[PDB]
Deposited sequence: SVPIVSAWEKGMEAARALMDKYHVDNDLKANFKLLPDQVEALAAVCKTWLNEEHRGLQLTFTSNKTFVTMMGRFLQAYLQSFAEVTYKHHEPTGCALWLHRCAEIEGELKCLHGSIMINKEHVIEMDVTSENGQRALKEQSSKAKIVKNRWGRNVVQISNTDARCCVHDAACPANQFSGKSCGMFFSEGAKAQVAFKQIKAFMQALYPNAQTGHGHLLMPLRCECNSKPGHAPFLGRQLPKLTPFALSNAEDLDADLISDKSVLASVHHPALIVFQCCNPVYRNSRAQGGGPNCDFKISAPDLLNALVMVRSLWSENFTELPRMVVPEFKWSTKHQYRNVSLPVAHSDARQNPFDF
């Protein structure tokens, strides 16, 4: 019997040799949990070679390849039976969201229904915003110390994006026994990709934001038979994952839409099948609410101005 580490290393080198990954990346690879670049280079090479015309939608090329890298990593670890405790390789979870089950109703990461709020932007009036229940007494889009950090300026549009992912999954897995109600989502962007990253404030998992597919109705549904595609036609908004705390502490350019995230997983399974004859078991952890994902709030009073020189009359 051989150590799991050596068995992993062999498989990974076979891949890196076959896909002509850079020599330094090859030399330095040690199957360690933060070593994802060489595996992403495998995937990008396979894409360049087999899928040059792949169309991404609200996903950056870098983020798509990085996620394939993590999934490839997870399959290699599973194949070899190597696990590093506290380094789950995908950086993702399956959230049983229940956001497309009841008309007009969204649930947050807590699994509780989201409360309706009016949200005024600048002047735009969003009277259909939704907040985490633990934020129900906060201004719209401000987060309490008990928040999960989820907020939708537009609840109807959010529900369209959840219907879209659920339909996309039903089209890819029309005979699924299980999983059509789960969302594959990232738990880590670049900012918390390492378990000992410096603590940061604000949201503790990648933000989830629905984006409209705005030309998608100028489309003739009758011409399209791809059920995947029809998911977007019927529900023209995508869930898009970005940095834990995107800029409009740390921030990064992580950006991937839910269908492209599932396709990153699916395309790794294809790549794997072209190199190995069985696909190992690989479990993306089911999401469970816990305090580690709680928003890290800091509430600082800010003095309003007063024309007076002195605080008080005496």
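Would you list the gaps, meaning deposited-sequence stretches without C-alpha coordinates, in the order they occur? Since the structure holds only modelled residues, the stretches it omits are 1-3, 126-156, 283-290.
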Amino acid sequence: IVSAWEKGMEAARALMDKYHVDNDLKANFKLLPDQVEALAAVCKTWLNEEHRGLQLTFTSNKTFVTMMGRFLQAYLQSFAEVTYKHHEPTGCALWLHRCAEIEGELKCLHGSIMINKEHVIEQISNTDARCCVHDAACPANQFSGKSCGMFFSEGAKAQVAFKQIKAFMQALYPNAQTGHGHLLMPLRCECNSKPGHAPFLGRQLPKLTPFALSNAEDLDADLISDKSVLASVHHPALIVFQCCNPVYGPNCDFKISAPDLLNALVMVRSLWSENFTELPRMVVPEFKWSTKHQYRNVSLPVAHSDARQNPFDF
From here on, numbers count along this sequence of modelled residues.
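Stretch with the greater mean C-alpha B-factor as recorded in the entry, comparing 285-293 against 55-63: Between 55-63 and 285-293, it is 285-293 that shows the higher mean C-alpha B-factor.
Compare the mean C-alpha B-factor of 275-283 with that of 261-269 as given in the PDB entry, and name the stretch with the higher value. Per the PDB record, 275-283.
Can you tell me which of 232, 112, 90, 127 has the highest Cα temperature factor in the record? When the deposited C-alpha B-factors of 232, 112, 90, 127 are compared, 127 is largest.
Per the PDB entry, which option out of 209, 192, 164, 215 has the greatest Cα B factor? Result of the comparison over 209, 192, 164, 215: 215.
Residue 48, C-alpha B-factor rank within chain (lowest, middle or highest third): Highest third, going by the recorded CA B-factors of the chain.
Considering every modelled residue of the chain and its Cα B-factor in the PDB entry, is residue 29 in the lowest, middle or highest third? Ranked within chain, residue 29 CA B lands in the middle tercile.
What third of its chain's C-alpha B-factors does residue 197 belong to: lowest, middle or highest? Highest third of the chain for residue 197's C-alpha B-factor.
CA B-factor ranking of residue 133, expressed as a third of its chain: Answer is lowest: the recorded C-alpha B-factor places it there.
Modelled-residue ranking by C-alpha temperature factor, third containing residue 172: Middle third - that is where residue 172 ends up once the chain's C-alpha B-factors are sorted.
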